[PDB]
>>> print(open('start.cif').read())   # mmCIF, N, CA and C atoms
data_final
loop_
_atom_site.label_atom_id
_atom_site.label_comp_id
_atom_site.auth_asym_id
_atom_site.auth_seq_id
_atom_site.Cartn_x
_atom_site.Cartn_y
_atom_site.Cartn_z
N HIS A 1 56.54 138.35 143.79
CA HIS A 1 55.68 139.33 144.45
C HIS A 1 54.24 139.19 143.99
N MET A 2 53.97 139.56 142.74
CA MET A 2 52.63 139.47 142.19
C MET A 2 52.67 139.39 140.66
N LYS A 3 51.99 138.40 140.10
CA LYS A 3 51.95 138.21 138.66
C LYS A 3 51.28 139.40 137.98
N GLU A 4 51.47 139.51 136.66
CA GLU A 4 50.88 140.60 135.90
C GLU A 4 49.63 140.14 135.17
N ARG A 5 48.47 140.47 135.72
CA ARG A 5 47.19 140.08 135.12
C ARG A 5 46.09 141.06 135.51
N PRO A 6 45.00 141.07 134.73
CA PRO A 6 43.86 141.96 134.96
C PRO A 6 43.08 141.57 136.22
N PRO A 7 42.18 142.47 136.65
CA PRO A 7 41.36 142.25 137.84
C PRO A 7 40.31 141.16 137.63
N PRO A 8 39.68 140.72 138.73
CA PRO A 8 38.65 139.68 138.68
C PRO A 8 37.36 140.16 138.02
N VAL A 9 36.39 139.26 137.90
CA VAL A 9 35.11 139.60 137.29
C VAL A 9 34.46 140.79 137.98
N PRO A 10 33.78 141.64 137.20
CA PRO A 10 33.11 142.83 137.71
C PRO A 10 31.89 142.48 138.56
N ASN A 11 32.14 141.97 139.76
CA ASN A 11 31.06 141.60 140.67
C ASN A 11 29.89 140.97 139.91
N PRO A 12 29.99 139.66 139.64
CA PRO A 12 28.96 138.92 138.91
C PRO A 12 27.69 138.75 139.74
N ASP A 13 26.54 138.97 139.10
CA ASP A 13 25.25 138.85 139.77
C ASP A 13 24.29 138.01 138.94
N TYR A 14 24.68 136.77 138.65
CA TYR A 14 23.85 135.87 137.86
C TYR A 14 23.32 134.73 138.72
N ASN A 15 23.85 134.61 139.93
CA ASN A 15 23.43 133.56 140.86
C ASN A 15 24.16 133.68 142.19
N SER A 16 23.45 133.39 143.28
CA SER A 16 24.03 133.47 144.61
C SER A 16 23.22 132.64 145.60
N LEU A 17 21.90 132.80 145.55
CA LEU A 17 21.00 132.07 146.45
C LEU A 17 20.87 130.61 146.02
N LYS A 18 20.38 129.78 146.92
CA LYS A 18 20.19 128.36 146.63
C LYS A 18 19.07 128.15 145.62
N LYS A 19 17.90 128.71 145.92
CA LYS A 19 16.75 128.59 145.04
C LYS A 19 16.99 129.31 143.72
N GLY A 20 16.67 128.64 142.61
CA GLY A 20 16.86 129.23 141.30
C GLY A 20 15.61 129.90 140.78
N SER A 21 15.75 130.68 139.72
CA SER A 21 14.62 131.39 139.12
C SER A 21 14.30 130.83 137.74
N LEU A 22 15.15 131.16 136.77
CA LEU A 22 14.96 130.70 135.40
C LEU A 22 13.61 131.16 134.85
N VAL A 23 13.63 132.26 134.11
CA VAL A 23 12.40 132.80 133.52
C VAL A 23 12.62 133.20 132.07
N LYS A 24 13.32 132.34 131.33
CA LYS A 24 13.60 132.60 129.92
C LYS A 24 12.38 132.27 129.05
N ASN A 25 11.78 133.30 128.48
CA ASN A 25 10.61 133.13 127.63
C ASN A 25 10.15 134.46 127.04
N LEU A 26 11.06 135.13 126.34
CA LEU A 26 10.75 136.42 125.73
C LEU A 26 11.50 136.59 124.41
N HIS A 27 10.88 137.31 123.48
CA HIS A 27 11.49 137.55 122.17
C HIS A 27 12.49 138.70 122.24
N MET A 28 13.47 138.68 121.34
CA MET A 28 14.49 139.73 121.30
C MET A 28 14.88 140.04 119.86
N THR A 29 14.81 141.32 119.50
CA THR A 29 15.16 141.75 118.15
C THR A 29 16.39 142.65 118.16
N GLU A 30 17.49 142.15 117.62
CA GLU A 30 18.73 142.92 117.57
C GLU A 30 19.83 142.12 116.87
N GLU A 31 20.72 142.83 116.17
CA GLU A 31 21.81 142.19 115.46
C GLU A 31 23.15 142.82 115.83
N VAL A 32 23.58 142.59 117.07
CA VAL A 32 24.84 143.14 117.55
C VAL A 32 25.88 142.04 117.77
N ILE A 33 27.15 142.42 117.74
CA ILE A 33 28.23 141.46 117.93
C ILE A 33 29.33 142.05 118.82
N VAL A 34 29.81 141.24 119.76
CA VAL A 34 30.86 141.68 120.68
C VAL A 34 32.17 140.96 120.38
N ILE A 35 33.23 141.36 121.08
CA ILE A 35 34.54 140.76 120.90
C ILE A 35 35.27 140.61 122.23
N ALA A 36 35.57 139.37 122.60
CA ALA A 36 36.27 139.09 123.84
C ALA A 36 37.72 139.58 123.78
N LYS A 37 38.03 140.60 124.57
CA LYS A 37 39.38 141.15 124.61
C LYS A 37 40.41 140.06 124.83
N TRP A 38 40.05 139.06 125.63
CA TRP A 38 40.95 137.95 125.92
C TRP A 38 40.17 136.64 126.07
N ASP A 39 40.86 135.61 126.54
CA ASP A 39 40.23 134.30 126.72
C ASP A 39 39.85 134.08 128.18
N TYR A 40 38.68 133.49 128.41
CA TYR A 40 38.21 133.23 129.76
C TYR A 40 37.82 131.77 129.92
N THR A 41 37.68 131.33 131.17
CA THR A 41 37.31 129.96 131.47
C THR A 41 35.98 129.89 132.21
N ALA A 42 35.07 129.05 131.72
CA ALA A 42 33.76 128.89 132.34
C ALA A 42 33.89 128.52 133.82
N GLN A 43 33.72 129.51 134.69
CA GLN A 43 33.82 129.29 136.12
C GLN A 43 32.59 128.56 136.65
N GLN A 44 31.45 128.79 136.01
CA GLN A 44 30.20 128.15 136.41
C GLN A 44 29.54 127.45 135.22
N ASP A 45 28.30 127.02 135.42
CA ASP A 45 27.55 126.34 134.37
C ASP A 45 26.77 127.34 133.52
N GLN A 46 26.48 128.50 134.11
CA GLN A 46 25.73 129.54 133.41
C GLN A 46 26.66 130.38 132.54
N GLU A 47 27.94 130.42 132.91
CA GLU A 47 28.92 131.20 132.17
C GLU A 47 29.37 130.44 130.91
N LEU A 48 30.08 131.14 130.04
CA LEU A 48 30.57 130.54 128.80
C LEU A 48 32.06 130.80 128.62
N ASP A 49 32.75 129.88 127.95
CA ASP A 49 34.18 130.02 127.70
C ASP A 49 34.43 130.84 126.44
N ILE A 50 35.08 131.99 126.61
CA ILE A 50 35.39 132.87 125.49
C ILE A 50 36.87 132.81 125.14
N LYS A 51 37.18 133.07 123.87
CA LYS A 51 38.56 133.05 123.41
C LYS A 51 39.04 134.45 123.05
N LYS A 52 40.35 134.62 122.92
CA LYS A 52 40.93 135.91 122.58
C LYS A 52 40.50 136.35 121.19
N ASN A 53 40.04 137.59 121.08
CA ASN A 53 39.60 138.13 119.80
C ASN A 53 38.38 137.37 119.28
N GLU A 54 37.74 136.62 120.16
CA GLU A 54 36.56 135.84 119.79
C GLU A 54 35.33 136.74 119.70
N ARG A 55 34.55 136.56 118.64
CA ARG A 55 33.34 137.35 118.43
C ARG A 55 32.09 136.49 118.60
N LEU A 56 31.01 137.11 119.06
CA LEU A 56 29.75 136.41 119.27
C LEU A 56 28.56 137.33 119.02
N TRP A 57 27.36 136.77 119.08
CA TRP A 57 26.14 137.54 118.87
C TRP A 57 25.63 138.12 120.19
N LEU A 58 25.67 139.45 120.30
CA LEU A 58 25.21 140.13 121.50
C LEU A 58 23.71 139.95 121.69
N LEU A 59 23.32 139.37 122.82
CA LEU A 59 21.91 139.15 123.12
C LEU A 59 21.36 140.26 124.00
N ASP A 60 21.76 140.26 125.27
CA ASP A 60 21.30 141.28 126.21
C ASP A 60 22.46 141.79 127.06
N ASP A 61 22.82 143.06 126.87
CA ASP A 61 23.91 143.67 127.62
C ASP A 61 23.42 144.87 128.41
N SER A 62 22.83 144.61 129.57
CA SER A 62 22.31 145.67 130.43
C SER A 62 23.15 145.81 131.70
N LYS A 63 23.38 144.69 132.37
CA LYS A 63 24.16 144.68 133.59
C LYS A 63 25.65 144.50 133.29
N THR A 64 26.47 144.53 134.33
CA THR A 64 27.91 144.38 134.18
C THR A 64 28.24 143.19 133.28
N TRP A 65 27.44 142.13 133.39
CA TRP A 65 27.65 140.93 132.59
C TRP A 65 26.77 140.95 131.35
N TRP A 66 27.34 140.55 130.22
CA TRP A 66 26.60 140.52 128.96
C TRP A 66 26.40 139.08 128.48
N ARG A 67 25.32 138.86 127.74
CA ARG A 67 25.01 137.53 127.22
C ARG A 67 25.11 137.50 125.70
N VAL A 68 25.89 136.56 125.18
CA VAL A 68 26.07 136.42 123.74
C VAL A 68 25.93 134.97 123.31
N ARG A 69 25.95 134.74 122.00
CA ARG A 69 25.82 133.40 121.45
C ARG A 69 26.91 133.13 120.41
N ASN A 70 27.44 131.91 120.42
CA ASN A 70 28.49 131.53 119.48
C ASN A 70 27.89 130.88 118.23
N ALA A 71 28.76 130.42 117.34
CA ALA A 71 28.32 129.78 116.10
C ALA A 71 27.74 128.40 116.38
N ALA A 72 27.89 127.93 117.61
CA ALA A 72 27.38 126.62 118.00
C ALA A 72 25.95 126.72 118.51
N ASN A 73 25.33 127.88 118.30
CA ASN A 73 23.96 128.10 118.74
C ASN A 73 23.86 128.04 120.26
N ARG A 74 25.00 128.13 120.93
CA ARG A 74 25.04 128.08 122.39
C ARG A 74 25.02 129.49 122.98
N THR A 75 24.35 129.64 124.11
CA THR A 75 24.25 130.94 124.78
C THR A 75 24.77 130.86 126.21
N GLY A 76 25.56 131.86 126.60
CA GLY A 76 26.11 131.88 127.94
C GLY A 76 26.35 133.29 128.45
N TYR A 77 26.94 133.40 129.63
CA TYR A 77 27.22 134.71 130.22
C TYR A 77 28.72 134.97 130.27
N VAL A 78 29.09 136.25 130.24
CA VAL A 78 30.49 136.64 130.28
C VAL A 78 30.65 138.06 130.81
N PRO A 79 31.77 138.30 131.52
CA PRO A 79 32.07 139.62 132.10
C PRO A 79 32.39 140.66 131.03
N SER A 80 31.65 141.76 131.04
CA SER A 80 31.86 142.83 130.07
C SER A 80 33.28 143.39 130.18
N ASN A 81 33.93 143.12 131.31
CA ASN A 81 35.29 143.60 131.53
C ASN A 81 36.28 142.86 130.64
N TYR A 82 35.98 141.60 130.34
CA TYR A 82 36.84 140.78 129.50
C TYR A 82 36.38 140.83 128.05
N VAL A 83 35.36 141.63 127.78
CA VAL A 83 34.82 141.77 126.43
C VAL A 83 34.76 143.24 126.01
N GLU A 84 34.72 143.47 124.70
CA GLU A 84 34.66 144.83 124.17
C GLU A 84 34.13 144.83 122.74
N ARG A 85 32.89 145.30 122.57
CA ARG A 85 32.27 145.35 121.26
C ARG A 85 33.06 146.25 120.31
N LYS A 86 32.84 146.09 119.02
CA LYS A 86 33.53 146.88 118.01
C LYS A 86 32.57 147.31 116.90
#
>>> encode(input="start.cif", output="structure tokens")
Amino acid sequence: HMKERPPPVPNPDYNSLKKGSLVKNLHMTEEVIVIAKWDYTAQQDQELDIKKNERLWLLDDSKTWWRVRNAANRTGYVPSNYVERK
């Protein structure tokens, strides 16, 4: 009938149009950390692959999607629905 799994991404709004923007050039002061409730797979190039119980450095969490950084100094996007700070 139907497998047992959570709903899809919370309507992602990081890209849709053909023309890109890219305006990264601002300072940020904060020391927060989030925790991925489960593991996810990088659906796009802007998104990041998170693991279960995986923690990262919270960068900017304003919209449905939050941005964090791993120990690899890498930064990506992830659905706040699959993540939960502690």
>>> residues_around(input="start.cif", residues="residue 81 (chain A)", least_positions_apart="4", cutoff="10 Å", atoms="only C-alpha atoms", output="list in words")
residues 6, 7, 8, 9, 10, 36, 37, 38, 64, 65 and 66 of chain A
>>> resolve_selection(input="start.cif", expression="the PyMOL selection byres ((chain A and resi 77) around 8)", output="list in words")
residues 45, 46, 47, 48, 49, 50, 65, 66, 67, 68, 69, 74, 75, 76, 78, 79 and 80 of chain A
>>> resolve_selection(input="start.cif", expression="the PyMOL selection byres ((chain A and resi 15-32) around 6)", output="PyMOL selection string")
chain A and resi 12-14+33-34+56-58
>>> select_by_dssp(input="start.cif", residues="chain A", states="strand (DSSP E)", output="list in words")
residues 32, 33, 34, 35, 36, 54, 55, 56, 57, 58, 59, 60, 65, 66, 67, 68, 69, 75, 76, 77, 78 and 79 of chain A
>>> write_last_selection(input="start.cif", atoms="N, CA and C atoms", output="PDB file, keeping the file's coordinate frame")
ATOM      1  N   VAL A  32      23.580 142.590 117.070  1.00  0.00           N
ATOM      2  CA  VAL A  32      24.840 143.140 117.550  1.00  0.00           C
ATOM      3  C   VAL A  32      25.880 142.040 117.770  1.00  0.00           C
ATOM      4  N   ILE A  33      27.150 142.420 117.740  1.00  0.00           N
ATOM      5  CA  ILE A  33      28.230 141.460 117.930  1.00  0.00           C
ATOM      6  C   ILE A  33      29.330 142.050 118.820  1.00  0.00           C
ATOM      7  N   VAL A  34      29.810 141.240 119.760  1.00  0.00           N
ATOM      8  CA  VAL A  34      30.860 141.680 120.680  1.00  0.00           C
ATOM      9  C   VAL A  34      32.170 140.960 120.380  1.00  0.00           C
ATOM     10  N   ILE A  35      33.230 141.360 121.080  1.00  0.00           N
ATOM     11  CA  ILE A  35      34.540 140.760 120.900  1.00  0.00           C
ATOM     12  C   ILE A  35      35.270 140.610 122.230  1.00  0.00           C
ATOM     13  N   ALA A  36      35.570 139.370 122.600  1.00  0.00           N
ATOM     14  CA  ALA A  36      36.270 139.090 123.840  1.00  0.00           C
ATOM     15  C   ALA A  36      37.720 139.580 123.780  1.00  0.00           C
ATOM     16  N   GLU A  54      37.740 136.620 120.160  1.00  0.00           N
ATOM     17  CA  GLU A  54      36.560 135.840 119.790  1.00  0.00           C
ATOM     18  C   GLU A  54      35.330 136.740 119.700  1.00  0.00           C
ATOM     19  N   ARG A  55      34.550 136.560 118.640  1.00  0.00           N
ATOM     20  CA  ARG A  55      33.340 137.350 118.430  1.00  0.00           C
ATOM     21  C   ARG A  55      32.090 136.490 118.600  1.00  0.00           C
ATOM     22  N   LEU A  56      31.010 137.110 119.060  1.00  0.00           N
ATOM     23  CA  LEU A  56      29.750 136.410 119.270  1.00  0.00           C
ATOM     24  C   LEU A  56      28.560 137.330 119.020  1.00  0.00           C
ATOM     25  N   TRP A  57      27.360 136.770 119.080  1.00  0.00           N
ATOM     26  CA  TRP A  57      26.140 137.540 118.870  1.00  0.00           C
ATOM     27  C   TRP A  57      25.630 138.120 120.190  1.00  0.00           C
ATOM     28  N   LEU A  58      25.670 139.450 120.300  1.00  0.00           N
ATOM     29  CA  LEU A  58      25.210 140.130 121.500  1.00  0.00           C
ATOM     30  C   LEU A  58      23.710 139.950 121.690  1.00  0.00           C
ATOM     31  N   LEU A  59      23.320 139.370 122.820  1.00  0.00           N
ATOM     32  CA  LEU A  59      21.910 139.150 123.120  1.00  0.00           C
ATOM     33  C   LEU A  59      21.360 140.260 124.000  1.00  0.00           C
ATOM     34  N   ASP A  60      21.760 140.260 125.270  1.00  0.00           N
ATOM     35  CA  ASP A  60      21.300 141.280 126.210  1.00  0.00           C
ATOM     36  C   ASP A  60      22.460 141.790 127.060  1.00  0.00           C
ATOM     37  N   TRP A  65      27.440 142.130 133.390  1.00  0.00           N
ATOM     38  CA  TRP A  65      27.650 140.930 132.590  1.00  0.00           C
ATOM     39  C   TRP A  65      26.770 140.950 131.350  1.00  0.00           C
ATOM     40  N   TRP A  66      27.340 140.550 130.220  1.00  0.00           N
ATOM     41  CA  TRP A  66      26.600 140.520 128.960  1.00  0.00           C
ATOM     42  C   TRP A  66      26.400 139.080 128.480  1.00  0.00           C
ATOM     43  N   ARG A  67      25.320 138.860 127.740  1.00  0.00           N
ATOM     44  CA  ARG A  67      25.010 137.530 127.220  1.00  0.00           C
ATOM     45  C   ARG A  67      25.110 137.500 125.700  1.00  0.00           C
ATOM     46  N   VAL A  68      25.890 136.560 125.180  1.00  0.00           N
ATOM     47  CA  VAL A  68      26.070 136.420 123.740  1.00  0.00           C
ATOM     48  C   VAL A  68      25.930 134.970 123.310  1.00  0.00           C
ATOM     49  N   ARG A  69      25.950 134.740 122.000  1.00  0.00           N
ATOM     50  CA  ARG A  69      25.820 133.400 121.450  1.00  0.00           C
ATOM     51  C   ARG A  69      26.910 133.130 120.410  1.00  0.00           C
ATOM     52  N   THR A  75      24.350 129.640 124.110  1.00  0.00           N
ATOM     53  CA  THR A  75      24.250 130.940 124.780  1.00  0.00           C
ATOM     54  C   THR A  75      24.770 130.860 126.210  1.00  0.00           C
ATOM     55  N   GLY A  76      25.560 131.860 126.600  1.00  0.00           N
ATOM     56  CA  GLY A  76      26.110 131.880 127.940  1.00  0.00           C
ATOM     57  C   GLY A  76      26.350 133.290 128.450  1.00  0.00           C
ATOM     58  N   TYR A  77      26.940 133.400 129.630  1.00  0.00           N
ATOM     59  CA  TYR A  77      27.220 134.710 130.220  1.00  0.00           C
ATOM     60  C   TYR A  77      28.720 134.970 130.270  1.00  0.00           C
ATOM     61  N   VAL A  78      29.090 136.250 130.240  1.00  0.00           N
ATOM     62  CA  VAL A  78      30.490 136.640 130.280  1.00  0.00           C
ATOM     63  C   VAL A  78      30.650 138.060 130.810  1.00  0.00           C
ATOM     64  N   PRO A  79      31.770 138.300 131.520  1.00  0.00           N
ATOM     65  CA  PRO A  79      32.070 139.620 132.100  1.00  0.00           C
ATOM     66  C   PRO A  79      32.390 140.660 131.030  1.00  0.00           C
TER      67      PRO A  79
END
>>> atom_distance(input="start.cif", atom1="atom N of residue 83 (chain A)", atom2="atom C of residue 55 (chain A)")
11.0 Å
>>> atom_distance(input="start.cif", atom1="CA of residue 2 (chain A)", atom2="CA of residue 35 (chain A)")
28.0 Å
>>> atom_distance(input="start.cif", atom1="atom N of residue 62 (chain A)", atom2="CA of residue 5 (chain A)")
25.4 Å
>>> build_atoms(input="start.cif", residues="region 46-62 of chain A", atoms="N, CA, C and O atoms", output="PDB file, in the frame of the given file")
ATOM      1  N   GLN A  46      26.480 128.500 134.110  1.00  0.00           N
ATOM      2  CA  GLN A  46      25.730 129.540 133.410  1.00  0.00           C
ATOM      3  C   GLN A  46      26.660 130.380 132.540  1.00  0.00           C
ATOM      4  O   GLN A  46      26.228 130.981 131.556  1.00  0.00           O
ATOM      5  N   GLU A  47      27.940 130.420 132.910  1.00  0.00           N
ATOM      6  CA  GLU A  47      28.920 131.200 132.170  1.00  0.00           C
ATOM      7  C   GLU A  47      29.370 130.440 130.910  1.00  0.00           C
ATOM      8  O   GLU A  47      29.072 129.260 130.751  1.00  0.00           O
ATOM      9  N   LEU A  48      30.080 131.140 130.040  1.00  0.00           N
ATOM     10  CA  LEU A  48      30.570 130.540 128.800  1.00  0.00           C
ATOM     11  C   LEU A  48      32.060 130.800 128.620  1.00  0.00           C
ATOM     12  O   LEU A  48      32.582 131.824 129.072  1.00  0.00           O
ATOM     13  N   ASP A  49      32.750 129.880 127.950  1.00  0.00           N
ATOM     14  CA  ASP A  49      34.180 130.020 127.700  1.00  0.00           C
ATOM     15  C   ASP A  49      34.430 130.840 126.440  1.00  0.00           C
ATOM     16  O   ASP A  49      34.055 130.441 125.339  1.00  0.00           O
ATOM     17  N   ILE A  50      35.080 131.990 126.610  1.00  0.00           N
ATOM     18  CA  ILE A  50      35.390 132.870 125.490  1.00  0.00           C
ATOM     19  C   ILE A  50      36.870 132.810 125.140  1.00  0.00           C
ATOM     20  O   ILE A  50      37.712 132.537 125.993  1.00  0.00           O
ATOM     21  N   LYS A  51      37.180 133.070 123.870  1.00  0.00           N
ATOM     22  CA  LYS A  51      38.560 133.050 123.410  1.00  0.00           C
ATOM     23  C   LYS A  51      39.040 134.450 123.050  1.00  0.00           C
ATOM     24  O   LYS A  51      38.229 135.368 122.884  1.00  0.00           O
ATOM     25  N   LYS A  52      40.350 134.620 122.920  1.00  0.00           N
ATOM     26  CA  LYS A  52      40.930 135.910 122.580  1.00  0.00           C
ATOM     27  C   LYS A  52      40.500 136.350 121.190  1.00  0.00           C
ATOM     28  O   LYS A  52      40.583 135.576 120.231  1.00  0.00           O
ATOM     29  N   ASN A  53      40.040 137.590 121.080  1.00  0.00           N
ATOM     30  CA  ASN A  53      39.600 138.130 119.800  1.00  0.00           C
ATOM     31  C   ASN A  53      38.380 137.370 119.280  1.00  0.00           C
ATOM     32  O   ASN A  53      38.034 137.467 118.101  1.00  0.00           O
ATOM     33  N   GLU A  54      37.740 136.620 120.160  1.00  0.00           N
ATOM     34  CA  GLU A  54      36.560 135.840 119.790  1.00  0.00           C
ATOM     35  C   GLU A  54      35.330 136.740 119.700  1.00  0.00           C
ATOM     36  O   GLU A  54      35.088 137.577 120.571  1.00  0.00           O
ATOM     37  N   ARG A  55      34.550 136.560 118.640  1.00  0.00           N
ATOM     38  CA  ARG A  55      33.340 137.350 118.430  1.00  0.00           C
ATOM     39  C   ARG A  55      32.090 136.490 118.600  1.00  0.00           C
ATOM     40  O   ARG A  55      32.108 135.287 118.335  1.00  0.00           O
ATOM     41  N   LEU A  56      31.010 137.110 119.060  1.00  0.00           N
ATOM     42  CA  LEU A  56      29.750 136.410 119.270  1.00  0.00           C
ATOM     43  C   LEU A  56      28.560 137.330 119.020  1.00  0.00           C
ATOM     44  O   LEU A  56      28.731 138.528 118.790  1.00  0.00           O
ATOM     45  N   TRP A  57      27.360 136.770 119.080  1.00  0.00           N
ATOM     46  CA  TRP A  57      26.140 137.540 118.870  1.00  0.00           C
ATOM     47  C   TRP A  57      25.630 138.120 120.190  1.00  0.00           C
ATOM     48  O   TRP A  57      25.217 137.389 121.084  1.00  0.00           O
ATOM     49  N   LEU A  58      25.670 139.450 120.300  1.00  0.00           N
ATOM     50  CA  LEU A  58      25.210 140.130 121.500  1.00  0.00           C
ATOM     51  C   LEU A  58      23.710 139.950 121.690  1.00  0.00           C
ATOM     52  O   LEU A  58      22.913 140.333 120.827  1.00  0.00           O
ATOM     53  N   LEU A  59      23.320 139.370 122.820  1.00  0.00           N
ATOM     54  CA  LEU A  59      21.910 139.150 123.120  1.00  0.00           C
ATOM     55  C   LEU A  59      21.360 140.260 124.000  1.00  0.00           C
ATOM     56  O   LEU A  59      20.585 141.105 123.544  1.00  0.00           O
ATOM     57  N   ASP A  60      21.760 140.260 125.270  1.00  0.00           N
ATOM     58  CA  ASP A  60      21.300 141.280 126.210  1.00  0.00           C
ATOM     59  C   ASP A  60      22.460 141.790 127.060  1.00  0.00           C
ATOM     60  O   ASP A  60      23.030 141.052 127.869  1.00  0.00           O
ATOM     61  N   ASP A  61      22.820 143.060 126.870  1.00  0.00           N
ATOM     62  CA  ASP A  61      23.910 143.670 127.620  1.00  0.00           C
ATOM     63  C   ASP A  61      23.420 144.870 128.410  1.00  0.00           C
ATOM     64  O   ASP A  61      23.573 146.017 127.984  1.00  0.00           O
ATOM     65  N   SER A  62      22.830 144.610 129.570  1.00  0.00           N
ATOM     66  CA  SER A  62      22.310 145.670 130.430  1.00  0.00           C
ATOM     67  C   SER A  62      23.150 145.810 131.700  1.00  0.00           C
ATOM     68  O   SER A  62      23.571 146.906 132.060  1.00  0.00           O
TER      69      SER A  62
END
